[PDB]
């Protein structure tokens, strides 16, 4: 079985797994929608009581499974719990990352296309003071790129360029994945991570240089880092915070587990996991939180910035920010840097969310790396057309897989690993070979606090939380996908059998 060549490579690979579009696109919006500072407290708490422990747990399960030649949850869950229902539940470990990849890769392709067009200077030309006269051109830019519906039909009409760019994006993901773990994901990580850091820092500085009659970036920072204790009793804020934690730390996606399955049986996972998580958090609250929000607040003020954040999920990153940059000298190239950053983050995450499927095809169905990668890319590519041509399909997929699925699957994996498999055994497995030991209290946090916290979370959210019929188009399909995957697992367990009878 493949293994991470170096420690640094491992750390940067995991960090590249976590640090993605969620840091620079999702976080700003989530924090802005929930009152900025009022969103941080729960966030921080969610990081301590959920993020860290689940990270460690997934690292542990990953390494454990990898020691026996398994990297995906269908087999790992069965190793931890000898029950068919464990395999069935394990299917989600492939389903979630697949579905998420299906749209994630597309958004990534967006970032790539924008990078290209901004580099060549093929961008909108806003009339040199009316805010709408400046934003409108960019909004039209995006809408024309992805093909936002102009009528009543829920149909998207992506430009030829966007499609070709998606093709190329897929080709790059494949070019990285086909070289494997050490020569592919690791090697690339060692470049993309530094590059990403540099770009992010530069952008942060440039943004900090912004000042208008409406305010400065410091106002944005203040908006983001000022506590509001009157929202601590609001369930919604907590739900948002935890969701953001899950998404940003790649928890419940089966990606961390698969990546960890390539860590040598003896190699530490405590300090490594903690370091990756910490890196992601620094890239999120410090870098991702000091770009979009501070700029939007500097140019429009707090209220208007919040309004923009609530507008949508892509408004701030693909429309507002580039529009703001266009008002400065070298703003186009600045936009280029922005979208390039976004592209690298995206890529480094996407490869991570396709590696699970690849690893299932390799480990369980005994496919070669080439064939596994190619078939995975085929499934993703084909499935992506639904996201490309059906309006709000992306939203549905993101809700069922990227929101519900990750939390439910987190609770599931926690229950299987720390309850069924054994709390003491799980603790032992986690701390084994650790450069540092997990604080004693975290035993009680993992066994009692985290599971109850989640459970309560899911129950409250489901109880307190009207769509277009076309949603059923997506659901259906993804459901199918699940079934598909299930069947594969079946085939797998059959092959195993036939293999056992022959040995």
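Positions refer to the first chain, counted from 1. Throughout, rigid core stands for the largest set of C-alpha atoms superposing within 1.5 Å between the two forms.
J.: Say the other structures are aligned on the rigid core; which stretch then has the higher CA RMS in 7 other deposited structures of this protein, 143 to 151 or 419 to 427?
T.: Most displaced of the pair in 7 other deposited structures of this protein: 143 to 151.
J.: Comparing against the shown form in 7 other deposited structures of this protein, which stretch has the larger RMS C-alpha deviation after a rigid core superposition, 366 to 374 or 208 to 216?
T.: Per-stretch check in 7 other deposited structures of this protein: the more divergent one is 208 to 216.
J.: In a third or more of the other entries compared, is residue 301 missing its coordinates?
T.: It is not, since residue 301 is included in all of the other entries that model both flanking stretches.
J.: Quick one: across the other PDB entries of this protein we compared, is residue 466 left without coordinates in at least a third of them?
T.: Other entries vs residue 466: at least a third skip it.
J.: Might you work out how many residues are unmodelled in the deposited sequence between residue 465 and residue 466, and answer none, 1 to 3, 4 to 9, or 10 or more?
T.: Count of unmodelled residues in between: 4 to 9.
J.: Check the residues of the deposited sequence separating residue 128 from residue 129 and report how many of them have no coordinates, as none, 1 to 3, 4 to 9, or 10 or more.
T.: Unresolved stretch here: 1 to 3 residues.
J.: Going by the mean C-alpha B-factor recorded in the entry, which is higher: 298 to 306 or 163 to 171?
T.: Comparing 298 to 306 with 163 to 171, the higher mean C-alpha B-factor belongs to 298 to 306.
J.: For the C-alpha atoms alone, is the average B factor greater in 114 to 122 or in 225 to 233, going by the entry?
T.: Higher mean C-alpha B-factor in the PDB entry: 225 to 233.
J.: For the listed residues 471, 459, 57, 478, which one has the largest C-alpha B-factor as given in the deposited model?
T.: That would be 459.
J.: Tell me which of 28, 62, 42, 51 tops the list for C-alpha B factor in the record.
T.: Across 28, 62, 42, 51, the entry lists the biggest C-alpha B-factor for 42.
J.: Sort the modelled residues of this chain by their C-alpha B factor and say whether residue 186 lands in the lowest, middle or highest third.
T.: Its C-alpha B-factor belongs to the middle third of this chain's values.
J.: Could you place residue 364 in the lowest, middle or highest third of its chain by Cα temperature factor, using the values in the record?
T.: Middle third by C-alpha B-factor.
J.: In terms of the CA temperature factor given in the entry, to which third of its chain does residue 398 belong: lowest, middle or highest?
T.: For residue 398, the deposited C-alpha B-factor lands in the lowest third.
J.: Should residue 421 be placed in the lowest, middle or highest third of its chain by the C-alpha B factor in the entry?
T.: Ranked within chain, residue 421 CA B lands in the highest tercile.
J.: Sorting the chain's modelled residues by C-alpha B-factor, tell me whether residue 333 ends up in the lowest, middle or highest third.
T.: Its C-alpha B-factor belongs to the lowest third of this chain's values.
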